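> My structure is below; once you've seen it, I'll send some questions.
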Amino acid sequence: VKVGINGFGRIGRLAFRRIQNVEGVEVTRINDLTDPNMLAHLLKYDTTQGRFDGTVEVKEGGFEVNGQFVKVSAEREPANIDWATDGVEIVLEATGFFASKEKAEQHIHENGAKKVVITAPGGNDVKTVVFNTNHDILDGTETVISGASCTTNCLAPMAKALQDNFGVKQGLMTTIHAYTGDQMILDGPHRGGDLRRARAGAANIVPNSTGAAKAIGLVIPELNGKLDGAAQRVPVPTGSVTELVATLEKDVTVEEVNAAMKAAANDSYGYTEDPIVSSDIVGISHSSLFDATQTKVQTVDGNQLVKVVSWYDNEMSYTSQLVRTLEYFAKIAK
Amino acid sequence: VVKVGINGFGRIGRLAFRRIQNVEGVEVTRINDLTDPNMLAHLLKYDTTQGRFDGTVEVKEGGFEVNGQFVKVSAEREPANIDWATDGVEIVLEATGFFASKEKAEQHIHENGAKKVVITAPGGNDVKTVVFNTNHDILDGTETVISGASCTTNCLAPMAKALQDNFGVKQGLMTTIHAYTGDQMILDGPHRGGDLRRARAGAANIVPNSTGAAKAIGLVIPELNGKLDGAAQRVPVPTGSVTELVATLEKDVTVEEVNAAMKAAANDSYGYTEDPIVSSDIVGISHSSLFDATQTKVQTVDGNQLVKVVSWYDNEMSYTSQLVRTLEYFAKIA
Amino acid sequence: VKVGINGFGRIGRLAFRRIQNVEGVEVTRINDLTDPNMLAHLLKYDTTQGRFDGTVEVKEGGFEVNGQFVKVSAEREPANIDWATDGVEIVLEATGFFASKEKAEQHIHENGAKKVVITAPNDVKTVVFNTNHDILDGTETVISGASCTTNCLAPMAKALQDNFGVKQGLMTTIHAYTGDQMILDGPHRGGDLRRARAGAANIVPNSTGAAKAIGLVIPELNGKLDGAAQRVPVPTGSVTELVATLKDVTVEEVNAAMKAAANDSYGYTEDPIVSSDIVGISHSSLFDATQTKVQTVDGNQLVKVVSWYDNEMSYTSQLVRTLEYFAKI
Amino acid sequence: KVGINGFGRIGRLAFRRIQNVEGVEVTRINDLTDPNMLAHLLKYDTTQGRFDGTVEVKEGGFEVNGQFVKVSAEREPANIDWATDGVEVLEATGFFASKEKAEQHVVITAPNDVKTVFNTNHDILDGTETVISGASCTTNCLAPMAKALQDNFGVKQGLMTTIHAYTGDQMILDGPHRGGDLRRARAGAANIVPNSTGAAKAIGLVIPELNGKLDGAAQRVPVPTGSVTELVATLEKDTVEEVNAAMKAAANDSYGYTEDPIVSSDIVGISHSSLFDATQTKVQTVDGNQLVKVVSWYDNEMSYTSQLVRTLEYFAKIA
Ligand SMILES: NC(=O)c1ccc[n+]([C@@H]2O[C@H](COP(=O)([O-])OP(=O)(O)OC[C@H]3O[C@@H](n4cnc5c(N)ncnc54)[C@H](O)[C@@H]3O)[C@@H](O)[C@H]2O)c1
Ligand SMILES: NC(=O)c1ccc[n+]([C@@H]2O[C@H](COP(=O)([O-])OP(=O)(O)OC[C@H]3O[C@@H](n4cnc5c(N)ncnc54)[C@H](O)[C@@H]3O)[C@@H](O)[C@H]2O)c1
Ligand SMILES: NC(=O)c1ccc[n+]([C@@H]2O[C@H](COP(=O)([O-])OP(=O)(O)OC[C@H]3O[C@@H](n4cnc5c(N)ncnc54)[C@H](O)[C@@H]3O)[C@@H](O)[C@H]2O)c1
Ligand SMILES: NC(=O)c1ccc[n+]([C@@H]2O[C@H](COP(=O)([O-])OP(=O)(O)OC[C@H]3O[C@@H](n4cnc5c(N)ncnc54)[C@H](O)[C@@H]3O)[C@@H](O)[C@H]2O)c1
Ligand SMILES: [Mg+2]
Ligand SMILES: [Mg+2]
Ligand SMILES: [Mg+2]
Ligand SMILES: [Mg+2]
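Chains as they are written, first to last, in the deposited numbering: chain A, 3 to 336; chain B, 2 to 335; chain C, 3 to 123, 126 to 250, 252 to 334; chain D, 4 to 91, 93 to 109, 118 to 123, 126 to 130, 132 to 253, 255 to 335.
In structure tokens, the structure reads:
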């Protein structure tokens with residue numbers, strides 16, 4: 003299956019990197035808003051994720067990656083990308099500006115692509131897939147799908163384990179997040195109207211909103227309407243952590259919650275009892291990584307509050323799932 | 002006019018000195034650290050996070066002058082061997098962070114010593130801990146050793162007490178997103194305290210850590226003894242922190258009633274704001290805590306409620322403002 | 003004199019702050035690309051420079067600052083700003099997009115302003133205050149307050165010339181990161197493969213014209229200096245090193262010479278300060294005696310002199326001084 | 004075998020490299036803390052990444068891919084019984101960087127009295144020396160760049176400026192510096208901080224023909240690792257292209273070459289001692305007189321450590 007990337011940014015470029023070690027999926031075209039020399043440089047060198055494991059050499063209208071040429075273009079409007087020229091069936095929409103069924107669908111047309119995977123929430127009329135949590139829902143007939151938020155991919159397997167063992171009454175999330183491209187490097191007008199993302203992202207603790215908690219219902223229906231949360235963006239260029247304080251149906255101890263998470267561990271959901279820090283989870287392939295050292299169960303007058311926390315690298319952790327769901331989606335084509 | 006001595010001319014020590022200049026009834030006449038006067042004079046005049054000193058500091062022999070008035074300096078490691086009486090100092094600010102107990106702080110009190118001591122940190126349960134404008138009434142003036150509590154307790158106290166005196170709290174879990182501090186390593190190296198996370202580079206990591214402030218709230222507000230607990234997330238900002246508290250309350254509430262309740266409880270120590278500020282905005286403030294209405298949450302799921310309240314504090318200056326207020330009040334009733 | 007600001011950014015907002023404590027010049031309109039609520043918030047709160055010393059409350063089409071409504075607009079083209087409506091004679095061009103004779107002149111029009119001062123870099129007089137402020141007569145439509153680095157380098161280099169004379173020199177400025185860098189690795193619209201990189205997590209080399217275009221300020225050094233930059237992770241505050249061949254000198258004569266040249270713009274210090282210490286200062290440049298070097302090897306000499314400056318406030322202080330002087334004449 | 008005194012940044016990274024070298028093998032570590040602390044700091048590394056292996060803590064040590072390594076906590080090196088594990093020592097504490105105190109058992121991982132850069136003056140060693148030094152991080156960078164300038168064009172005099180990452184000897188926040196330095200007292204990760212550097216003047220001990228001709232200072236900046244060295248010099252000869261070409265010729269395993277516009281993060285964890293950057297080369301000719309500027313990257317941690325291990329390997333060979 004031949005794939006195209008619209009938006010060769012952080013998620014776009016890292017997705018490309020992971021596609022190299024996945025047989026049966028292959029990127030043959032990239033579309034951004036800049037010349038090929040810029041994109042080749044940004045693939046080779048990466049501040050947070052390290053230099054590229056390969057060779058990248060710039061050509062005309064593209065660059066070669068270990069010998070295979072990949073065409074690049076600078077088409078701003080998705081309608082005008084001739085995806086069909088390079089046989090691209092599926093497009094990774096990673097611009098962050100066409101994160102809806104309506105605007106993503108402008109990739110699908112004559113001389114266009116068949117299907118689209120948005121690298122972000124895509125609205126409620128689009129299927130939202132956290133791999134190894136609800137990828138079963140996919141049948142292969144969907145024109146537009148979404149890989150969810152970075153925070154949802156983290157929160158899902160941790161919350162799902164709580165439900166399938168103890169059941170959850172309600173919960174409040176707090177994610178301590180790395181700063182991202184949508185923040186200003188220094189104090190300046192934010193085009194999105196946010197008075198906090200306007201502030202210097204790398205020199206401040208800056209609060210902000212996140213839909214991941216409320217829109218969990220679309221991934222795990224049994225938790226619909228039960229959660230809500232906010233974010234605190236802090237000065238690290240990548241790597242985040244999600245805290246969840248919840249009330250559970252049953253009564254629990256610290257050891258049963260940790261043990262329950264260990265059982266639920268897989269390729270996406272990790273487990274650790276080492277006292278790691280944010281830099282330790284940079285570039286990991288797990289979507290989320292439960293940290294047993296931070297588990298709390300506070301019993302006061304029979305009532306219990308449970309706190310569970312899990313790490314995730316917003317960049318690579320999410321990208322790992324986006325690629326897994328892309329691989330699975332490409333196979334059941336149709 | 003009560004004359005004071007500083008043991009430990011560090012972050013809290015130096016800032017305390019700065020604030021004591023604009024308080025008439027108290028005046029510092031001696032400083033004791035582990036270095037020459039030229040080092041301490043430089044660190045008073047120039048301050049990365051808090052700005053240059055508002056005055057003139059010139060180095061003399063065995064001290065330095067501040068706006069004319071000479072202050073003696075010494076380099077005595079043992080508190081027992083400081084001749085505090087030579088400079089008439091009745092009260093000592095213990096800001097080394099090594100003598101934070103009744104027993105070890107008491108080594109300031111002796112012949113050729115001081116009369117009383119204020120520890121700039123938790124000092125144990127056999128020592129009264131004072132959060133100013135929350136429980137300073139408890140003091141009578143006869144106490145040899147007292148404590149100004151933690152930076153986080155001074156923040157959490159007025160926010161939690163307001164919740165109790167309006168709605169009552171069943172239980173609560175705290176999360177503080179804290180600035181990095183001197184007890185962390187600048188880069189990955191052996192921590193003398195045995196902490197495998199404070200061993201890590203403090204300014205390049207989200208680093209989880211423990212905090213007693215939440216549980217030891219009982220010593221400040223007895224009606225909340227044993228009801229709270231929490232953890233910390235140290236993040237790369239050199240000063241400025243924020244405290245989140247998720248709690249279950251006796252009454253039912255709305256967002257507006259909790260904000261309004263905090264506004265009522267506001268004073269010189271407990272601030273209030275509805276502006277969407279960030280961490281740098283609270284650097285060098287005089288309020289102990291500053292409630293942020295924009296971050297308030299009240300989540301109703303199936304009749305049950307969870308309440309989230311958040312407040313800023315500058316671990317350095319916010320705490321120091323209370324430490325000085327408690328010092329002023331204590332000096333008067335001696 | 004009534005003034006307007008086009009581009010309420012770092013330099014724009016700080017200029018506004020300093021204009022409050024100068025009587026006889028006064029801002030009556032701001033033009034940017036966003037609503038008034040955004041600009042009011044960014045004036046009140048400032049990460050690097052501290053909270054505003056005043057009161058700001060948002061109204062319609064503007065905000066009040068200690069009283070007196072100040073209009074705000076979101077006009078993209080300079081041609082289409084009706085500056086005359088609010089009586090603004092002079093405009094601060096701080097967008098960083100109209101730094102030329104032709105494009106700055108689109109402020110000067112029938113519905114518009116009389117004159118313009120661009121907040122950056126030859127058809128235009130380039131003025132570093134207390135270094136070549138003489139040059140203005142008051143009849144110039146467009147002028148420029150030079151770069152942040154030029155305002156720093158000028159008084160340090162001029163002192164070297166007026167005492168010892170300069171053969172040639174190479175500059176290295178260790179600069180704070182700025183808004184033209186990417187917060188994270190992404191395509192730079194300007195095509196720079198280094199400002200494309202995460203500005204706050206890298207030492208990033210970059211070019212700087214300030215060194216060569218010294219001739220425009222002080223003709224006596226024209227063509228003899230050149231330099232580059234190293235952008236480093238601090239949100240504001242920079243330092244300029246200059247290694248030069250000059252008479253023969255000692256360390257003490259160079260320091261003493263700089264102290265003599267000190268004034269309101271050119272500072273002097275012998276304290277071992279660091280970048281955070283110079284944040285928000287009013288001096289354009291601040292010579293640091295502790296870093297002076299004079300290396301004599303086989304009769305030949307190399308001289309190294311270093312001076313701090315806060316790209317933001319240091320420069321802004323001069324821009325406002327030049328604006329004040331220009332408004333009078 | 005080798006033993007490590009000071010399992011810090013340079014100590015631990017040296018250990019890491021020692022795994023991918025046959026004929027050298029570390030069997031003892033001595034620091035000032037328990038084995039559990041050192042095992043954690045080997046497994047996890049903020050700047051250099053997680054350890055490529057398996058680490059499990061035991062009694063008085065920890066196992067690395069099955070083989071136990073002893074650990075001890077002796078402050079005075081005289082009383083470390085190195086002979087117990089057959090060690091024929094990397095002095096990486098930074099407190100015993102002298103003939104007298106290092107001799108008290118050696119390769120010092122830092123700077126007259128002792129031999130001082133692999134592939135630049137490795138010939139000097141014969142194998143009979145009790146005390147030798149791997150030089151500074153900055154010298155290992157500057158040496159192959161300066162040596163190339165001499166062996167092609169010859170240099171009159173030069174002034175160095177190194178933009179350096181912050182290091183463990185700086186304070187995390189403003190506080191009294193043990194060493195009395197009023198600038199390393201300041202918050203290392205929130206400031207441009209000027210500092211002194213011997214590397215430039217003490218180049219004579221590595222390249223004698225340059226003795227007394229160079230000098231420089233440092234600017235410490237907020238990055239946890241990765242540095243760059245600028246050198247402005249006047250040469251004996253009278255273009256940009258010949259200097260770049262000359263460096264390319266001098267390139268080897270230690271001295272790298274690049275014409276890509278990289279930044280500090282790109283050189284983190286590299287094995288080259290120095291990496292010449294052609295994009296930053298300048299030659300300014302004004303009135304017949306010339307000034308030449310040449311710049312080269314180095315990761316103070318791993319770049320230096322790569323040489324320290326290479327010189328350790330070579331030194332072990334000719335014992
Ligand atoms: N960065 C993260 O941590 C993270 C995590 C989860 C998902 N995401 C999502 O991934 C997407 C990309 O985020 P990112 O961090 O990579 O952002 P980014 O800014 O790094 O990526 C944007 C890229 O798209 C390009 N672009 C912009 N407008 C375009 C247009 N009209 N047509 C084509 N290309 C255009 C940009 O030049 C750049 O190459 C967003 O939807 C974001 O929400 C990001
Ligand atoms: N930093 C904060 O935000 C904060 C907030 C509240 C409480 N505190 C408490 O304040 C105290 C000081 O913390 P800090 O951040 O100012 O630390 P710091 O490390 O900046 O201050 C310590 C100072 O004490 C000196 N010192 C060490 N041992 C000494 C001794 N035996 N005799 C004399 N001086 C000695 C050090 O040299 C240094 O000058 C600690 O108890 C800390 O827990 C700090
Ligand atoms: N940044 C510094 O420290 C510094 C130092 C020297 C000189 N300068 C120069 O000053 C200028 C301003 O740069 P800055 O650092 O303030 O950047 P900035 O990002 O703060 O300025 C950008 C501002 O201009 C506004 N803007 C953009 N396009 C506009 C348009 N068409 N119409 C109206 N407003 C528009 C933006 O919304 C924003 O408010 C640049 O030329 C810069 O080189 C600044
Ligand atoms: N990393 C660099 O930038 C760099 C550059 C070149 C060489 N070096 C040199 O290497 C040496 C180590 O520096 P580092 O960066 O690894 O520092 P570090 O602080 O990370 O390493 C110090 C280690 O030695 C231990 N130690 C201290 N005193 C000891 C004693 N008396 N006995 C035993 N162990 C003791 C410490 O606890 C710690 O484990 C210094 O001389 C330094 O100048 C480092
Ligand atoms: Mg492939
Ligand atoms: Mg006083
Ligand atoms: Mg005015
Ligand atoms: Mg080996």
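We treat Cβ as the ideally placed atom computed from N, Cα and C, and that holds for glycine.
What does the alpha-carbon distance come out to for the pair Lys-298/C and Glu-257/C?
Their Cα atoms are separated by approximately 10 Å.
> Going by DSSP in three states, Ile-120/B sits in which element: helix, strand or coil?
Strand, per DSSP.
> By the 10 Å Cβ neighbour count, where 16 or more other Cβ atoms means buried, how is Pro-237/B classified, buried or exposed?
So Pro-237/B ends up on the buried side.
> Excluding sequence positions up to five away, which residues of its chain have a Cβ less than 6 Å from the Cβ of residue 1/A?
A query on residue 1/A cannot be resolved here, the shown segment of chain A reaching from 3 to 336 and no further.
> Measure the alpha-carbon distance for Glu-224/A versus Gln-165/A and round it to whole angstroms.
Cα to Cα, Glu-224/A sits roughly 8 Å from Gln-165/A.
> Drop a sphere of 10 angstroms on the beta-carbon of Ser-211/C, count the other beta-carbons inside from all chains shown, and report buried for 16 or more, exposed for fewer.
The residue in question, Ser-211/C, is exposed, as its Cβ has fewer than 16 Cβ neighbours within 10 Å.
> For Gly-304/D and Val-247/D, I'd like the C-alpha separation in whole angstroms.
Those two C-alpha atoms are separated by around 17 Å.
> Tell me whether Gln-22/C, by its Cβ, gets closer than 7 Å to a heavy atom of ligand 7.
The answer is yes for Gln-22/C.
> Let me check understanding here. Comparing Cα to Cα, which of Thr-30/B, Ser-312/B, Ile-278/B lies closest to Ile-178/B?
Taking only the C-alpha atoms, the option nearest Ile-178/B is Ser-312/B.
> Are at least three pairs of beta-carbons, each pair with one atom in the segment 196 to 209 of chain C and one in the segment 265 to 285 of chain C, less than 8 Å apart?
No contact exists between the segment 196 to 209 of chain C and the segment 265 to 285 of chain C.
> May I ask you to check if the CB of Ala-76/A is nearer than 7 Å to at least one heavy atom of ligand 4?
Answer for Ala-76/A: no, Cβ out of range of ligand 4.
> Can you check the segment 142 to 197 of chain D for any alpha helix (DSSP H) of at least 4 residues that lies completely inside it and give the ranges in chain order?
Here the runs fully enclosed are 152 to 167.
> Using C-beta distances below 8 Å, list every residue in its chain close to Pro-191/B, excluding the 5 sequence neighbours before and after it, in chain order.
The residues are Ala-200.
> How about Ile-187/C: is its C-beta nearer than 8 Å to some C-beta of chain A?
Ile-187/C counts as touching chain A.
> What is the DSSP secondary structure of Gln-22/B, counted as helix, strand or coil?
In the structure shown, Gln-22/B sits in a helix (DSSP, three-state: H, G or I).
> Look at the alpha carbon of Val-243/B and the alpha carbon of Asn-23/D, and state the distance between them as a whole number of angstroms.
Looking at the two C-alpha atoms, the distance is approximately 46 Å.
> Need the endpoints of the alpha helix (DSSP H) that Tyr-314/C sits in, please.
Element bounds for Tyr-314/C: not the alpha helix (DSSP H) but the beta strand (DSSP E), 305 to 314.
> Applying the criterion that 16 or more other CB atoms from any shown protein chain within 10 Å of the CB defines a buried residue, is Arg-78/D buried or exposed?
With fewer than 16 Cβ atoms within 10 Å of its Cβ, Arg-78/D is classed as exposed.
> Rounded to whole angstroms, what's the CA-CA distance from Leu-45/A to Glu-59/A? Just pull it up for me.
Whole-angstrom Cα-Cα distance: 11 Å.
> Report back the beta-carbon spacing between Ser-290/D and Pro-159/D to the nearest angstrom; my notes put them in contact at under 8 Å.
Indeed they touch by this definition, with Cβ atoms about 5 Å apart.
> For ligand 4, is there a heavy atom less than 7 Å away from the beta-carbon of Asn-210/D?
No - ligand 4 has no heavy atom lying nearer than 7 Å to the Cβ of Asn-210/D.
> Considering only heavy atoms of ligand 3, does any lie closer than 7 Å to the CB of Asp-34/C?
Indeed, a heavy atom of ligand 3 lies less than 7 Å from the Cβ.
> To the nearest whole angstrom, what separates the beta carbons of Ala-17/B and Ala-96/B, a pair I think is in contact under 8 Å?
About 7 Å separates the two Cβ atoms, so the contact holds.
> From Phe-168/C, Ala-217/C, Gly-241/C, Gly-173/C, pick the residue whose C-alpha is nearest to that of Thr-154/C; which is it?
Closest option to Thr-154/C, Cα to Cα, is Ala-217/C.
> When you compare each of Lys-61/D, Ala-106/D, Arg-20/D to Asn-82/D by their alpha carbons, which one comes out closest?
Per the Cα distances, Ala-106/D.
> List, in chain order, every chain B residue whose beta-carbon is nearer than 7 Å to that of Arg-53/C.
Ordered by position in chain B, the residues that pass the 7 Å Cβ test against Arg-53/C are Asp-282.
> Starting from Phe-292/C, trace the alpha helix (DSSP H) both ways and give me its first and last residue.
Premise fails: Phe-292/C lies in the beta strand (DSSP E), 290 to 293, not in any alpha helix (DSSP H).
> So, is the C-beta of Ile-178/C closer than 8 Å to a C-beta in chain B?
No - not a single Cβ of chain B is within 8 Å of the one on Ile-178/C.
> Look up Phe-331/D in the DSSP assignment and say whether it is helix, strand or coil.
Here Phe-331/D sits in helix by DSSP.
> DSSP on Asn-82/B, reduced to helix/strand/coil?
DSSP places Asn-82/B in helix when its eight states are reduced to three.
> Any idea what DSSP makes of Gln-51/D, helix, strand or coil?
Correct three-state label for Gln-51/D: coil.
> Leaving aside the five residues before and after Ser-322/C along the sequence, list all residues of the same chain whose C-beta is less than 6 Å from its C-beta, in chain order.
Excluding sequence neighbours, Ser-322/C sits near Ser-287.
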